[PDB]
Structure formats: C-alpha cells, structure tokens
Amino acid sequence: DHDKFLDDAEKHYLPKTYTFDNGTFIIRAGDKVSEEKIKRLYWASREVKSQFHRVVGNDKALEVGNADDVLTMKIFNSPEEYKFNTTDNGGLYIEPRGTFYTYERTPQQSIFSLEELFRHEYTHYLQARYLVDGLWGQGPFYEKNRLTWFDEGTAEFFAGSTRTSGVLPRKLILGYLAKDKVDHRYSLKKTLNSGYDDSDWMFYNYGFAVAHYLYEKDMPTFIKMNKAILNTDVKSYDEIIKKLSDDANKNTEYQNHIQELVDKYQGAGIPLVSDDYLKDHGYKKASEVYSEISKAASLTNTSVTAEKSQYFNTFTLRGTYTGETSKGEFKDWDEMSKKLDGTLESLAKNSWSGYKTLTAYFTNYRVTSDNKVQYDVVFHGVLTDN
C-alpha cells in the first residue's frame, strides 16, 4: 500500500546514507553525490557552526526533545530529481522534522554550488536550535516580518564562514548587490521590514548587507540584537529595529557599507572548505593534541568527548578561558575572535596536518569576581587516535 511507495521513492531517489557525530548528523543522498562532496559538507557545517556560536554566544539547544536533536539532510542528485520531490527554491529547512532538502548540481544549472546552499540551510538549523525559541512560523517573532530579513540575511552571511578568518562576504551575493541599480538599493528601514510577500527577494541580499554592516561596523548592536532574539525579548528587538530604521545617519553608514561590499565583488572569494580537510592526516596521540591545543589557547578545566563518523572520528575539546581584565562584552568579543583565529593559524603553521581540521568558538561571556574576561571555549577536529 502507500507505505511501500513512499519507501520505494526514497530508495530510488536517496539510496545512500552517511552518518556523522554519533548518529546526530545524517546525510541522505542520491547515488551520484560523491563521497568527497559528502565529506566537504560535514566540515563545512563545522565552519558555519563555529562562527554562528561566536556571534550568538550560546551553544546549548533552547528546547529539550525537539526533532533537530538529529539533523537530517536530503541531497538529491540533480535539480530535476529535487523538483519531483518538491518548485525550485534551491533548498528548504523544516524545523519540526529537523531536516533540510537540496540537491547536487553542475555549474550550468546554478551559479550557487551545493556547498554554498548547504551552508545556507545549515544556518537555518543553527538559528532554529540555538537562537530562536519555539518553532519557525509561530509566536511574535513570526509576526510583522520581524525576523524575515534576519533569518535569510544571516543565513547568507554565515554561509560565508571560514576556518580561521571569521565570516567573509560571498562573491555571488556581492554580485547581486553590484548588478543592482544604485537608485534601487534598499534603505535600512526598507530591508528591516521586508517579507516573503515582496515583489522580489532582493531582501536576501540587502539583509546580508545589514548583517555584514553590523558585524564589521557595529558589533555591539549585532550582539544586542542576537541577545534579544535568544531571550525572546520582543521589546528589546523592536527598540533596536526602530533605532536602526529612524536614524538617517545609520542609513548613510549602511549605504556606504553596501558600496564598499560592491567594490569588493571583483576580488571576493567563495568561502568553501579547504582540500586540507580531505588529507590522510595520520596518527597523532590524542593526549598530545589536547595538550597542545590547551596550551596554545590557554584553556583550563578542559574536557573532551569523542564521536564516530562514517569516514573518521572527531573530538570536541571544551575548556574555560580566563584572560585579562574585561574591556566590556563588545571589546572583549573582538579581542577573543582575534586571539582564537591567531591560535588556529599557529597550530596549523607546522605540525600534524590534522590541525588543519580544527574549528573553534567561544560562548557564555562573563567576568570573574576579579573582573577578568571569561569564556567557554570549544575546539573541534579530526581524531586519528583510536
């Protein structure tokens, strides 16, 4: 009956299953999706994850028992096979199933690569698990277009995550901005009120530009905005949006930022994972890895957990970082990001090629009773010591 037909369809279209992170990251794929590509997507998720948690400051799921305790990713062979299964929007995330859908494609079928679209949808999984309480489409953050620019603009933004250089702008998004008429560039206020009902969806790109403008030029506002969402503080979020929307000088800065982004189009890259993740790194004793990381990052109270994946094992090293006297959450955030990236580049300078697989982030800003900056710090990497 109808049971055999749904399962037969999934077998025909998605015969392959690839399992990572002790069963919590599952790629269901067509038989023409290469295993090299599967591996790239796994390490891409960790790059996006690391930058997301740095910005949000939380890595604990907001709810207990939700479907996205297991992330499933269904990657069809081609645009045609994706369409039949539902039309072509590139990809889609469904939070109550913890699942997103997209497809492999050639350069002749899309300007966007599979890894770019994957990075976008993975950001929606991160938003929905770690930042936006309740379910997508429900509650006050899903009235009045409150989060429409944010959900889609920060998903385009974090799709540009790198390993050791933070979040970088993406060439194809800048190309959309650059190709637009100057006269038609959205105001800050227009972008913050855009919705899925608009005449076109250029808000994805102007929404990206708001996120990137705040990231580079006003991280205090980005941090406060993320904290209001995290805390389901509608009043604080609305105060921030109104202050951004009503300040002409803020729009001037955002317009200037759009133009600087356009000027970067020619020389911009496409952040995708390095081939260095795919190398055969070889054995390195686990204790040496953990000790070298803890020393380079100046981490105390360190714990580690090991996970099994289809093609390798990984480790997640958690520690506390207590630095110097705090210069405020916002100045601290900037310093912490620079120190952490500098550590990642040092550990990869020379040594085990496995150090080129490391991603790192920090969360849960606080200060001690002596007013020292304090962060929970997290490293993730390949583990070749069974």
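Residues carry their position along the shown sequence, with the first being 1.
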Report task. Using the PDB record, quantify the missing residues of the deposited sequence between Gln108 and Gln109 as none, 1 to 3, 4 to 9, or 10 or more. Result -> none
Query - Mean C-alpha B-factor comparison - 253-261 and 196-204, higher one - result: 196-204
Query raised in the report: Of 134-142 and 208-216, which one has the bigger average CA B-factor?
Result: 134-142
Requested in this report: Check the PDB entry and point out which of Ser113, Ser165, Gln266, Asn226 has the largest C-alpha temperature factor.
Outcome: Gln266
Requested in this report: Between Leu117, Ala296, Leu147, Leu177, let me know which has the highest C-alpha B-factor in the entry?
Outcome: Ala296
Requested in this report: Using the B-factors in the PDB entry, rank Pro96's C-alpha atom against the chain and give the third, lowest, middle or highest.
Outcome: middle
Report summary line: Of the three thirds of the chain ranked by Cα temperature factor, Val289 occupies the highest
Query raised in the report: With respect to C-alpha B-factor, does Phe52 fall in the lowest, middle or highest third of the chain as deposited?
Result: lowest
Report summary line: Chain-relative C-alpha B factor for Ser45 (record values, thirds): the lowest
**Report entry** CA B-factor placement of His281, once the chain's modelled residues are sorted into thirds
**Finding:** highest
